[PDB]
Number of protein chains: 2
Amino acid sequence: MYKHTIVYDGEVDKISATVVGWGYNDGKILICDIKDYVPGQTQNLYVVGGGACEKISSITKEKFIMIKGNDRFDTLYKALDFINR
Amino acid sequence: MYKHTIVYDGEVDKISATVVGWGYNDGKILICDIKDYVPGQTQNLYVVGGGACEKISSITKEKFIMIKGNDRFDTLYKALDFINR
């Protein structure tokens, strides 16, 4: 169903998650809160921000890439770095 | 009356406008689409993105600061720079 799914927890980390999705235009992408994440329907899973990174392993067995800093700003810079922007 | 109002045009410049809002916790803040902007109820006006920056002068006669780059990423970095992050 999706090529890239980017998960976050909360309206702050949503920003960073959204910017990670700005790095991809090669397929269908889903940006969604961890509380709405449905496992098993994505090729790639990216988890953004500390909150989502602590909860994700209890929600899915899929492999994933973590994008996380110490605060909302650091996370945002790491997101930008991850997509080479 | 709002201490800070941040205006944007569209869901992409919304993201940078949200980031500018992360820089302010000293007062009441409105983040809103340029279509919904109501002049005369803010101490500080900040206009995010090329879209809003072209429409705003025909909507209000208030002074404002422009936060805009050539693409969405440039706009986002300028948002971060505007709040010293």
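Per chain, numbering begins at 1; letters A, B, ... match sequence-line order. The analysis underlying the following values was restricted to heavy atoms, covering all of them including side chains, and did not include hydrogens, waters or symmetry mates.
Grouping the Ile, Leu, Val, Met, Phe, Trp and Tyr side chains by contacts below 4.5 angstrom, directly or via other members, places A:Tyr8 apart from A:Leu30. There is a path of hydrophobic side-chain contacts, each under 4.5 Å, that joins B:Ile83 to B:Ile31.
The environment of CE in A:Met66 is sparse: at most 12 heavy-atom neighbours from other residues, nucleotides or ligands sit within 6.0 Å. Other residues, nucleotides and ligands contribute over 12 non-hydrogen atoms within 6.0 Å of the CG atom of B:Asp26.
With A:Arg72 contributing its side chain and B:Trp22 its backbone, the two residues share no donor-acceptor pair below 3.5 Å.
In this structure, CG on B:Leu80 lies 7.5 Å from CG on A:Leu80, to the nearest 0.5 angstrom. Here the CG atom belonging to A:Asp74 is positioned 11.0 Å from the CZ atom belonging to B:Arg85, to the nearest 0.5 angstrom.
The aromatic rings of B:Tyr77 and A:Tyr77 are tilted relative to each other, their planes meeting at an angle between 30° and 60°.
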